[PDB]
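If you're matching them up, the sequences are chains A, B, C, D, E, F and G in order. Add 1160 to a position in the first sequence, counting from 1, and you land on the number used in PDB author numbering. Quick note on numbering: the second sequence equals residues 279 to 328, 330 to 375, 396 to 669, 677 to 781, 795 to 866 in PDB author numbering. Quick note on numbering: the third sequence equals residues 818 to 968, 978 to 1079, 1092 to 1303 in PDB author numbering. Quick note on numbering: the fourth sequence equals residues 1063 to 1079, 1092 to 1111 in PDB author numbering. Add 719 to a position in the fifth sequence, counting from 1, and you land on the number used in PDB author numbering. Add 474 to a position in the sixth sequence, counting from 1, and you land on the number used in PDB author numbering. Add 278 to a position in the seventh sequence, counting from 1, and you land on the number used in PDB author numbering. Please read the structure below before turning to the comments.
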Amino acid sequence: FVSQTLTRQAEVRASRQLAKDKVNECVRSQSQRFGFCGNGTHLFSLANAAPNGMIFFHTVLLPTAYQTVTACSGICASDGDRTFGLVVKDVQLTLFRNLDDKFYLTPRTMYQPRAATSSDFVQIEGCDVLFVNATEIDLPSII
Amino acid sequence: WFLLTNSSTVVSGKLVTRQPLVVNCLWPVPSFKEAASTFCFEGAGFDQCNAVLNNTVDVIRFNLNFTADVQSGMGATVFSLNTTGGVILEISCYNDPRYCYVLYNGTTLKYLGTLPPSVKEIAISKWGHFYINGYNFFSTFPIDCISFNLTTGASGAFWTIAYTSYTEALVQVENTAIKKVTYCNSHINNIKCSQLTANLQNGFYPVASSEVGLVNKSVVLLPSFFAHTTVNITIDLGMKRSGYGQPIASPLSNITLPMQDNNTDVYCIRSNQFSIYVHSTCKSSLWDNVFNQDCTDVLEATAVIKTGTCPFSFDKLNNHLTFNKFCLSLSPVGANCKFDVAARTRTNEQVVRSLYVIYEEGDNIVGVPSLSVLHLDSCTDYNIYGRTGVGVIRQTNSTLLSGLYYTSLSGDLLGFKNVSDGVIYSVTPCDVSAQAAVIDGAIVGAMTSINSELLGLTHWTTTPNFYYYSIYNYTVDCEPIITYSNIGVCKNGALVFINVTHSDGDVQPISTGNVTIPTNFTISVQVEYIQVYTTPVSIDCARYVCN
Amino acid sequence: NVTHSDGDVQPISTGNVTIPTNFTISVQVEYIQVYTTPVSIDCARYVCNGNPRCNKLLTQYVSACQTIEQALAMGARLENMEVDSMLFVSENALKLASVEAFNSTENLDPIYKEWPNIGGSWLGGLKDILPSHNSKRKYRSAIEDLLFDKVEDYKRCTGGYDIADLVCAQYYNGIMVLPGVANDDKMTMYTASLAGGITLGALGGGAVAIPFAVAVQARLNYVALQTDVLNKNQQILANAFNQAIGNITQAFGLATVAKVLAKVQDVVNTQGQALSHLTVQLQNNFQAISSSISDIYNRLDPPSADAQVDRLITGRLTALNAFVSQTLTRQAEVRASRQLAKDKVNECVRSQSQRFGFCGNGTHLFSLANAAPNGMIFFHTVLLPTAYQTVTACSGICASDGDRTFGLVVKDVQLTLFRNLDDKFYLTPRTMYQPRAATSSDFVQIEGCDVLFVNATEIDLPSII
Amino acid sequence: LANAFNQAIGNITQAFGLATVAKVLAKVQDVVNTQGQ
Amino acid sequence: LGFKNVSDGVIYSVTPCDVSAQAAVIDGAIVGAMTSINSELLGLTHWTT
Amino acid sequence: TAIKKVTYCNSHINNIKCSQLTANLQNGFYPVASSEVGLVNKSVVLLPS
Amino acid sequence: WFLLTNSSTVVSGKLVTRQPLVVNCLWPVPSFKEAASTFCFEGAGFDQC
Ligand SMILES: *[C@@H]1O[C@H](CO)[C@@H](O[C@@H]2O[C@H](CO)[C@@H](O[C@@H]3O[C@H](CO)[C@@H](O)[C@H](O)[C@@H]3O)[C@H](O)[C@H]2NC(C)=O)[C@H](O)[C@H]1NC(C)=O
Ligand SMILES: *[C@@H]1O[C@H](CO)[C@@H](O[C@@H]2O[C@H](CO)[C@@H](O[C@@H]3O[C@H](CO)[C@@H](O)[C@H](O)[C@@H]3O)[C@H](O)[C@H]2NC(C)=O)[C@H](O)[C@H]1NC(C)=O
Ligand SMILES: *[C@@H]1O[C@H](CO)[C@@H](O[C@@H]2O[C@H](CO)[C@@H](O)[C@H](O)[C@H]2NC(C)=O)[C@H](O)[C@H]1NC(C)=O
Ligand SMILES: *[C@@H]1O[C@H](CO)[C@@H](O[C@@H]2O[C@H](CO)[C@@H](O)[C@H](O)[C@H]2NC(C)=O)[C@H](O)[C@H]1NC(C)=O
Ligand SMILES: *[C@@H]1O[C@H](CO)[C@@H](O[C@@H]2O[C@H](CO)[C@@H](O)[C@H](O)[C@H]2NC(C)=O)[C@H](O)[C@H]1NC(C)=O
Ligand SMILES: *[C@@H]1O[C@H](CO)[C@@H](O[C@@H]2O[C@H](CO)[C@@H](O)[C@H](O)[C@H]2NC(C)=O)[C@H](O)[C@H]1NC(C)=O
Ligand SMILES: *[C@@H]1O[C@H](CO)[C@@H](O[C@@H]2O[C@H](CO)[C@@H](O)[C@H](O)[C@H]2NC(C)=O)[C@H](O)[C@H]1NC(C)=O
Ligand SMILES: *[C@@H]1O[C@H](CO)[C@@H](O[C@@H]2O[C@H](CO)[C@@H](O)[C@H](O)[C@H]2NC(C)=O)[C@H](O)[C@H]1NC(C)=O
Ligand SMILES: *[C@@H]1O[C@H](CO)[C@@H](O[C@@H]2O[C@H](CO)[C@@H](O)[C@H](O)[C@H]2NC(C)=O)[C@H](O)[C@H]1NC(C)=O
Ligand SMILES: *[C@@H]1O[C@H](CO)[C@@H](O[C@@H]2O[C@H](CO)[C@@H](O)[C@H](O)[C@H]2NC(C)=O)[C@H](O)[C@H]1NC(C)=O
Ligand SMILES: *[C@@H]1O[C@H](CO)[C@@H](O[C@@H]2O[C@H](CO)[C@@H](O)[C@H](O)[C@H]2NC(C)=O)[C@H](O)[C@H]1NC(C)=O
Ligand SMILES: *[C@@H]1O[C@H](CO)[C@@H](O[C@@H]2O[C@H](CO)[C@@H](O)[C@H](O)[C@H]2NC(C)=O)[C@H](O)[C@H]1NC(C)=O
Ligand SMILES: *[C@@H]1O[C@H](CO)[C@@H](O[C@@H]2O[C@H](CO)[C@@H](O)[C@H](O)[C@H]2NC(C)=O)[C@H](O)[C@H]1NC(C)=O
Ligand SMILES: *[C@@H]1O[C@H](CO)[C@@H](O)[C@H](O)[C@H]1NC(C)=O
Ligand SMILES: *[C@@H]1O[C@H](CO)[C@@H](O)[C@H](O)[C@H]1NC(C)=O
Ligand SMILES: *[C@@H]1O[C@H](CO)[C@@H](O)[C@H](O)[C@H]1NC(C)=O
Ligand SMILES: *[C@@H]1O[C@H](CO)[C@@H](O)[C@H](O)[C@H]1NC(C)=O
Ligand SMILES: *[C@@H]1O[C@H](CO)[C@@H](O)[C@H](O)[C@H]1NC(C)=O
Ligand SMILES: *[C@@H]1O[C@H](CO)[C@@H](O)[C@H](O)[C@H]1NC(C)=O
Ligand SMILES: *[C@@H]1O[C@H](CO)[C@@H](O)[C@H](O)[C@H]1NC(C)=O
Ligand SMILES: *[C@@H]1O[C@H](CO)[C@@H](O)[C@H](O)[C@H]1NC(C)=O
Ligand SMILES: *[C@@H]1O[C@H](CO)[C@@H](O)[C@H](O)[C@H]1NC(C)=O
Ligand SMILES: *[C@@H]1O[C@H](CO)[C@@H](O)[C@H](O)[C@H]1NC(C)=O
Ligand SMILES: *[C@@H]1O[C@H](CO)[C@@H](O)[C@H](O)[C@H]1NC(C)=O
Ligand SMILES: *[C@@H]1O[C@H](CO)[C@@H](O)[C@H](O)[C@H]1NC(C)=O
Ligand SMILES: *[C@@H]1O[C@H](CO)[C@@H](O)[C@H](O)[C@H]1NC(C)=O
């Protein structure tokens, strides 16, 4: 009896650590661990008591449809005889060009676009083959 | 109604038990009627029935409030019992509270006690056991017929008499009372009894694919010379009466073995085959030990031999038990075990003598009932080179050069060789395990290895690793209720196979061409349980071990 | 001795510091168990081998069989649900997830017309990880075939065509091994889909692919923003990868490979022995004249035969209870390792983790996975530095305008500020030497200056304020 | 989002009195049964 | 646990004369105990419920 | 093979020490019997005859 | 050559067993020869090896 009891206590100790991590990362904070707080994009968690433990209610965002945009890997710009590239400073954002030919940035988790500005770009020495050529019309808003 | 027990009583809980809950006949008694009749177990009349099942009755139940209103037409006598010796016993209450006694000729044999003011049930089994409120308070000799004449008279109370038989059932008890009875009489009810559950949850349950009983016997033994001996053991029983009149079997009873080597004291099998019989002779005597009278009345006795300390029974020596040596003796010198020789009478069986056995396990000598009879392609009770069991024996086209027989890791026989031509036979079980698919309290199908009808299921289909029997009309696109792995079973018994969940896919960190960004959102709530703590138990070691 | 290393890079921006610069590829391999192989036991048949008389005695122990069967059935049910909720596929990813798909051009998006196929450079390694049609069984990778080669039907058990083998012999004793093939097939599709999705351009519809090298470059930008766009360092990483997989495939057919092989065979050996141990106990005559119930009933009359069978019944129920306890203990063990396997897929394969040291030893770039007996194999591809670049760091900049003095500090705590040979200010991430010129939006203006700050001059000011 | 949430909880509460609910109920009763036995 | 008197139907209960108890030991001495029986034990005379 | 310390099992606290094979108990809770018995009346109940 | 047993026969598997597998002498017999001799266990001739 004692051996079986001690074995189960070790088992539960491990599941307690998991319950504790779930409270601290899903309920008391906003976790950056993909897939941890349920299947989907985590929004918030609530909890209830249960016999010998607890119940977690993971509220997640579920997409029903996707928006297509035309993305750019970077922008190729020039001033006089000097050519250089501009790339997005924040690697988590997608750069795309709107119907107004203006540059926008959007996070990949939700279609929440904002106009791009100069502080969002990093200037580097060259341009890749997938870069889009900038014109005088765009330059004042991106440099 | 109460459960019948020989010892302690269950206050609450579910138990599978053998109880007289089958009703052959129910005889209700009106408020002002005399329940007077004569009942016999071995062929009841069944004329007063409220469905009637015509069979032998095991128990008669009197379900009435034996208050101070219940009177008998026989006066003091409540019951009159006709037992197997032609003997009449009476159960009677007197007012010198009503005190019940067991009587024979007019004198009292036992005092049972007074009747409690709270008696709701009396059951009399044919083996003489009397149950009051479920408890076996007293017993008599086996009963053939019970006479009774019971009435509540002017009280205007009603009651019933039930004629019942024993069966296995799952019974739910609460406060020492029956609340629910489920009979173990169907394919679904057998699962309920096995699971101690009157209401099964949806799922799969292990069952036997079939039952067996009544088979041919198959015997395979290595060839030898036919050399058969009949061994006639004669037992002369000495019977005398004791002061109470019951029989006593004398220690002076004699055992005579067949004669061997002039002397008789000892006898040995010196043949290849043999059969042993016991011939019973009875003589009676007075008290001077003069066994010159015939046995009659009660001093009638049959000589029988019991097992005693031997790893075999005397009566089974006529099967196909084998030995290298086997001797009987009337003197314990070299004996390996002994048999108990007894005088069996109408009731009591008592030991008079011991018979000593000397033996060595082996195969030179075989007992016989009067061989190599093998029954193929059918279920048989076999004895093959000393290995016994039940199964189906088939001829195979395999070849194994070495050995006589082959067994499994569990010790079971898997096959054997015919020494006359090298043919290999395989041996398989007549019945196998199967998984019954149970949905909403019914069997809708089953998983089996044998292509044979089971559990009342007649329709079937063949899948890659099993046969599936069902209620579904087999010669589906339905939702499964119960599932394991990729196998699901639908409400209508249909079997379906289950794929793996599909999704659109993960959004990748691509910013190079056309890309899709999740846009239109809703809410999904997922629920999970995690165990945090156990319920600790503190044990007092000394008290647990030493109460 | 104990392994030596150079040491961890610290968040120091105060003097001379070293930033990892010249990188190659290292591939680490690990095995995690996901599921056990469940066994369903027929209690009555195991204890009472089809004997109607033993079966009656056994009803006195009806609660013992109920507990044994319920415990095993519930364990298997819970495990089944846990696995079904873990494994899934994407139809488009699964279309791309094959060697033949990767070696073709037809599934590639037109803007990549300058690339011959998907992952051409990386194919020399991927070919042994991705599923192939020209393989054993169906749709498995070269490595999976090696693992499974190194390490079921019941219809045939009632045929009577030959003498039964070990599996049918166990079946006859009430021991059924539940199908695990489906879990093997599901795992193969699961891991293949995860790999295929790396190169899947969009989730709208259409197995439209991007190059593997393009997908890899995206992962490099998560490690550190890449500025040397004119430095085609990708061929080097691809070559190192292909060689690493070559050595791993050869090793299976490298300390990490030895560890995987040891763990995988221990899992199969444990399950085998645990169940064979159950069968040997049926030869045990628990102080009885025989271990065979049928032999007892053919030798003794019921008054004595039942006494002998009763000894076997209690002995066998005890052995059977021991089996169940061991089985349940292992299922709990595996449940814990399943959570780890699930976390590894979600954080190493399906996303870019920020947990240091989680996805192998080194700087994580990407992970691939394969199926294995009772679990899966993870291939952790990490960046391994061979040399470091020294820079002279500044803790901050001390600036002045007229009589007002103030400090400028770097807004992003993960970057090192250093001064170049041109006396210009640059910022670089500490994980890779990938410097960019500093600008005004990268600094925070604070009230004072520390003693470790560098004094700015009129030449720098226009670029940092 | 609020409406979708309210409906989801409605279905969960009803289910207790949804594969995730079935899993919770199975695990919770297994814990109490194991300790009892 | 109990029995019936066959003469009148009265039920009797049977309990242990002694039960397990938890002694509270601090710095080598018993300072109290947890018990189901309202009776002095271990030399302890004061109590609360 | 020499005696260094003897604790007698002659008190409520010393009985715990003997049971625990410990001459110096750590703070905590210990299972004990609430009482001892000895010297009692005999009670016999049998069915009438 | 076969393994010698008193009971059941092993179909497959590895076993540690005591068997007459040590060869003191091997006497081959030609296609047309009579293997006629007298053999004693307690001191064999061993002339045809
Ligand atoms: C209370 O205990 C007694 C003895 O321990 C049990 O007595 C036995 O009862 C069974 C079933 O009624 C009798 O079975 C019958 O055996 C004959 C063979 O002689 C067979 O031909 C019949 O078909 C039937 O199977 C058995 O003879 C009897 N033995 C006795 C009188 O000692 C009694 O069953 C137990 N009752 C309860 C409710 O627990
Ligand atoms: C088959 O079973 C028989 C009996 O169960 C075994 O018989 C025994 O065989 C052994 C080894 O050949 C004999 O050992 C010898 O014992 C003498 C002592 O008397 C000793 O001096 C010799 O050096 C040697 O150890 C033993 O006497 C013999 N006993 C008999 C004949 O019953 C037989 O070994 C088993 N054979 C196989 C293949 O399983
Ligand atoms: C997101 O949801 C909105 C609302 O349903 C969609 O907008 C509608 O789209 C249909 C079909 O083209 C039009 O007929 C309606 O007039 C639109 N409504 C409004 C208010 O604009 C939108 O298309 C969805 N977006 C995606 C990517 O699925
Ligand atoms: C059952 O008992 C009653 C007595 O309580 C029997 O009825 C009596 O029978 C005798 C003989 O014929 C008559 O002299 C009495 O006058 C009857 N008494 C009454 C009240 O009528 C009855 O016969 C018995 N039944 C059976 C089947 O024996
Ligand atoms: C073992 O094999 C032998 C040899 O084939 C079987 O003997 C034959 O049985 C057939 C069918 O009755 C007879 O017609 C032959 O004459 C028998 N041959 C001889 C030489 O007797 C034998 O029956 C098989 N043993 C069992 C138990 O089936
Ligand atoms: C994780 O959640 C996603 C939803 O975000 C599930 O994906 C959906 O699955 C259903 C099939 O049951 C499809 O009809 C939907 O079109 C899918 N939607 C999306 C956006 O993929 C996914 O199946 C869940 N994971 C598991 C293991 O069940
Ligand atoms: C991205 O998707 C759009 C579709 O919305 C593509 O646009 C079409 O391109 C073809 C070129 O053959 C034109 O003939 C069509 O008129 C375009 N418009 C529409 C509304 O379909 C676009 O080419 C795709 N581009 C990239 C880089 O992925
Ligand atoms: C983790 O990986 C690092 C490589 O990044 C290992 O460090 C190398 O170890 C070898 C000795 O086997 C040295 O010769 C190299 O110079 C080390 N390189 C660096 C950059 O430190 C490290 O040993 C690995 N960790 C463990 C536990 O083995
Ligand atoms: C950082 O390292 C450089 C070496 O690359 C040091 O530069 C040398 O400093 C000494 C000062 O005694 C000069 O004499 C040398 O000429 C310098 N140049 C070279 C190429 O060695 C520098 O001093 C170190 N500084 C800090 C703050 O760590
Ligand atoms: C990728 O496809 C090419 C063909 O386009 C394969 O190369 C051919 O391999 C066959 C042998 O099976 C040779 O007979 C041909 O001559 C080769 N052709 C060329 C152009 O090299 C190549 O092996 C495939 N690679 C993989 C990993 O499948
Ligand atoms: C195992 O890795 C080694 C590198 O450490 C591989 O050897 C290299 O092979 C390439 C050709 O593909 C040569 O150009 C290099 O010069 C070799 N380097 C060394 C140090 O030998 C080796 O081929 C790999 N093993 C397998 C099976 O691919
Ligand atoms: C990173 O690797 C490059 C290439 O090997 C190194 O650059 C070479 O360094 C040697 C030694 O000073 C010079 O002789 C070569 O001419 C350099 N090659 C080129 C193309 O510049 C570089 O020094 C390494 N950097 C570090 C920090 O180890
Ligand atoms: C379970 O969820 C469904 C939605 O999937 C709920 O049904 C909706 O109920 C609202 C009213 O509150 C209606 O306006 C919607 O049209 C319904 N939708 C569908 C598809 O039927 C359902 O009420 C929820 N169950 C519970 C108990 O709340
Ligand atoms: C940008 O301009 C150059 C000429 O300087 C041209 O070769 C290149 O193709 C242009 N890029 C794009 C995307 O059109
Ligand atoms: C008792 O039964 C016997 C039959 O065995 C019968 O001859 C006898 O008359 C019966 N006696 C009574 C009082 O019923
Ligand atoms: C009953 O007892 C009397 C005593 O007077 C005796 O004469 C008679 O024979 C006995 N009856 C039986 C059946 O033994
Ligand atoms: C005996 O064997 C025959 C086949 O020859 C079969 O038809 C019959 O049913 C069997 N009888 C029994 C009782 O098993
Ligand atoms: C045993 O008795 C029977 C019946 O009287 C007889 O047929 C048989 O021959 C006897 N056996 C011997 C050996 O006398
Ligand atoms: C048995 O034989 C003895 C003589 O040895 C004899 O006195 C006795 O009466 C016999 N017993 C029986 C029951 O025949
Ligand atoms: C016993 O057998 C012997 C021969 O061994 C014979 O001479 C003698 O007459 C026999 N005696 C009896 C009484 O059988
Ligand atoms: C035995 O017969 C079966 C047909 O039922 C056949 O498939 C199998 O190959 C045969 N085996 C041998 C050894 O002849
Ligand atoms: C099963 O389907 C066949 C084909 O339509 C039909 O003839 C048969 O009667 C059906 N059986 C039952 C039980 O419905
Ligand atoms: C998916 O399952 C459905 C039946 O539910 C079946 O029609 C279809 O062929 C299956 N597809 C796969 C991927 O096996
Ligand atoms: C490391 O091990 C080597 C031998 O492999 C030995 O020469 C050296 O002294 C050891 N150094 C340490 C740290 O013990
Ligand atoms: C910055 O200038 C001050 C004088 O205003 C001087 O004391 C200080 O040492 C200078 N800092 C550095 C790094 O030279
Ligand atoms: C016997 O019972 C009486 C109560 O009637 C009680 O006072 C007395 O102490 C008991 N004696 C013993 C030795 O238990």
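Every residue gets a Cβ at the ideal spot worked out from N, C-alpha and C, and that includes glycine.
Asked, Found
"How do the segment 1200 to 1211 of chain C and the segment 1017 to 1026 of chain C stand: do at least 3 beta-carbon pairs fall below 8 angstroms, yes or no?", "yes"
"Flag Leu495(F) as yes if its beta-carbon sits less than 8 angstroms from any beta-carbon of chain B, otherwise no.", "no"
"To the nearest angstrom, report how far apart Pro1300(C) and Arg1176(A) are at their CA atoms.", "56 angstroms"
"From the DSSP output, in three-state form, read off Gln741(E) for me.", "strand"
"Spell out whether any CB of chain F is found under 8 angstroms from the CB atom of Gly728(E).", "no"
"Return the first residue and the last residue of the beta strand (DSSP E) that residue 378(B) is part of.", "There are no atomic positions for residue 378(B) here, as chain B continues from 375 directly to 396."
"Pair every Cβ in the segment 900 to 919 of chain C with every Cβ in the segment 942 to 957 of chain C, then say whether three or more of these pairs are closer than 8 angstroms.", "yes"
"Consider the Cβ of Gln1109(D): report whether some Cβ of chain C lies at a distance smaller than 8 angstroms.", "no"
"Buried or exposed for residue 1136(A), going by 16 or more other Cβ atoms inside 10 Å?", "The requested residue 1136(A) does not occur in the structure, where chain A is confined to residues 1161 to 1303."
"For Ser1130(C), does the count of other Cβ atoms within 10 angstroms reach 16, so buried, or fall short, so exposed?", "buried"
"Using a Cβ distance threshold of 8 angstroms, determine whether the segment 425 to 445 of chain B contacts the segment 352 to 369 of chain B, with at least three qualifying pairs required.", "yes"
"Tell me the DSSP secondary structure of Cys1186(A) in three-state form.", "helix"
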